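Take a look at this single chain in structure tokens; it is the form deposited without its partner chain.
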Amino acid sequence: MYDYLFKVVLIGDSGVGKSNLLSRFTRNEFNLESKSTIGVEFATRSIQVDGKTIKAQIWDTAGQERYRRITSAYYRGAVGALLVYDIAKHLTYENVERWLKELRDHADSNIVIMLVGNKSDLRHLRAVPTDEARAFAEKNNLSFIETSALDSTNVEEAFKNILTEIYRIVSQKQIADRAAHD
């Protein structure tokens, strides 16, 4: 059983590690040789927030949109988005703004967004300083975390954080809504 089913979509440039974040979170698995994502995939994991069972339904799709535009169907019903860039590849961070516009175009206007700087294990190749991404996240009302799907750092935390924020929002909406029914 679960108390909540939260659809959370992974978005971000191809190669940033979205599928490995998914595999790490849902299966504790990581693949150095993962290929670009076929179509759309989702995987689930349930976590407890405030003693409630939150079932995360995490969606994943290839980041490259040149030939294949992500439709609103991908974003539809999503209450969270993990907007992932690769800390070692500045272009993926530069594209965060385009991903934010994609969210505006395709997703619920109140979608919870977490900026995720993935591949923190590549600190020797870091192209995006943490405080820069933080400042950007703060400016854009995004939560922010750096992860490494490879070494697992902050992967649990990233998902738990976004899911908790979503939980906080919908649990409060439920209380309000119940009152409307009363």
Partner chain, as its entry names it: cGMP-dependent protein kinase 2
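Numbering follows the first chain given and starts at 1.
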Higher average CA B factor in the deposited record is what I'm after, so tell me if that's 166-174 or 13-21. 166-174
Per the entry, where is the mean C-alpha temperature factor higher: 136-144 or 112-120? 136-144
Residue with maximal Cα B-factor (values as given in the PDB entry) among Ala62, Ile58, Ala149, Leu32: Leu32
Tertile call for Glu94 (CA temperature factor, within chain, third-based) is the middle
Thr53: CA temperature factor from the record, placed by chain third, in the highest
Assert third(CA B-factor, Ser36) within chain per record equals middle
Chain-relative CA temperature factor third for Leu100: middle
Can you work out whether the C-alpha temperature factor of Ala107 puts it in the lowest, middle or highest third of the chain? highest
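There is another form of this protein, the form deposited with its partner chain bound, and it is not shown here; the text below is about that form.
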With a 4.5 Å heavy atom cut-off to its partner chain in the deposited bound form, the contacting stretch among 112-120, 56-64, 125-133, 141-149 is 56-64
Since only the chain is shown here, I'm wondering whether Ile70 would be in contact with its partner chain in the deposited bound form (any heavy atom pair within 4.5 Å). yes
Is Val40 a contact residue for its partner chain in the deposited bound form, using a 4.5 Å heavy atom cut-off? yes
Would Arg76 show up as a contact with its partner chain in the deposited bound form if we use heavy atoms at 4.5 Å? yes
Can you tell me whether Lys52 touches its partner chain? I mean in the deposited bound form, with a 4.5 angstroms heavy atom cut-off. yes
